[PDB]
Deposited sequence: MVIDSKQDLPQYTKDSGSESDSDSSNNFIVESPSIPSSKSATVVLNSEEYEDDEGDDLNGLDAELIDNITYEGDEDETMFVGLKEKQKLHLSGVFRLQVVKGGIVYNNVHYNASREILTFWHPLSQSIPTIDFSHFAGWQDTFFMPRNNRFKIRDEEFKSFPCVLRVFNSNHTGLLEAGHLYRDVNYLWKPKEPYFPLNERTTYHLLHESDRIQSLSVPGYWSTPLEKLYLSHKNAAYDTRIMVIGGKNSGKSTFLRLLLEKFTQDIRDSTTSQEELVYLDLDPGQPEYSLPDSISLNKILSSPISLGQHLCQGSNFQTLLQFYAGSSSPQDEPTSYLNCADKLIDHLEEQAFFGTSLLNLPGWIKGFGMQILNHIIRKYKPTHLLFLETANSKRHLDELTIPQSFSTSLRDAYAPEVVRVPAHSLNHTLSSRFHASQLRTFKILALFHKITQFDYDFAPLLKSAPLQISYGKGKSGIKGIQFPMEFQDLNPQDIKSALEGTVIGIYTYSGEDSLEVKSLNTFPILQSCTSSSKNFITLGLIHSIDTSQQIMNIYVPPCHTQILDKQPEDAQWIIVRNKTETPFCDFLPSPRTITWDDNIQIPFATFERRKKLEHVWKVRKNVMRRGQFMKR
């Protein structure tokens, strides 16, 4: 197909596109659409646009939904993103440089442009909506409006199943419906219970989030800012397997918040895959608790043999007294059709989310210079205490030498907490480090992640990195509030722990700790 005309300037390098008859538009990157005429079909849905801006996120990590043209009637557009420093994310972490644009496309690259056309030459996957996959989902929407009651949805599927895409599609078409329906206050709530692949949540965290115009779709790698986080908890790991009942306790606390606010309307949640493994046992309690109106399974040729007893044993008729309903359906879907990684491993993509969190000035601004350049805002931990009153460690590291604590914390991602309800402090002191004893402390508020830079025992302070986005949420908080540090197994990004030349020149005299440059001795291989 012949490319359309190009309109340079004045700002955003807005491009106008014209397709003869109906053509699949392949555009990658973050970009905003304002469709003056014609009908947009993004995955067999109707988006009639009249002077409304629609933000699109199309990472190469997932298959990009092509934009189809439909009547009626046609034949600023694809204007540039408001985000400034997201693309330069390739500079700091060089395994993510090709997430927004392809490697060697059949088009000239431009630093100004945050979107790129893909004319089938890059051989990348752009597989659209399957017909067979559309029918089971289309059935939920005929039940969305005539249900006359709050609708709770669970979706079940391991990694490589395509659960996230299904929930995304549900989200966009639900938000289209609620905008269409006037007046509908049934603001849907997304309840991310998957620390393995965060969506709408902080890294290694669990989040009940409110989903609200402007238009955002579909996969934004938690950077979308289309959601408001109602509540969150810090699981502290990428797998609930490490702390099963702790994750279950957090999920129980989160789901109960839904009835605490007495919300009625659409609400979604994705459980961690757990197709094979302890998942049989892990899902039997959360299905019992959340009272799901629609179960959904995607194992098919996974195969499905492992995850079979859950539907019969864990259903327990209908948990809800008012819903008094259940659903059990199976669909066949292996998305994407090509390799799941698509040159983007789940662990490789997980590092990007942490790195982008620590480098975000605000929702629409990004600055990906190393935080070593940035000032580390400090907090004083005391015996009183004012500020930090306790430090928590995972249970198995509860008997630890006071001398080593200083070396353990530095250069580690941690979770900052507020005591919330007033109670006894209940903290033990080890080398002036107020280690929280016996754990417990069920009532806490999780605010943000933190990266500990250094600890000064004499001054009793800690130079610590927090994402600039939250500031001044930390400052906009009562002075007498007690503050807790929870250091669970969250992995700090390597490119961020120690920068390289061409980023920071450092100093010749300065000796960098926790990093060694000598070639590893034989047998120093790390178990993997």
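K.L.:
What gaps appear when the modelled C-alpha atoms are mapped onto the deposited sequence?
P.N.:
No C-alpha coordinates exist for 1-64, 140-164, 302, 619-632.
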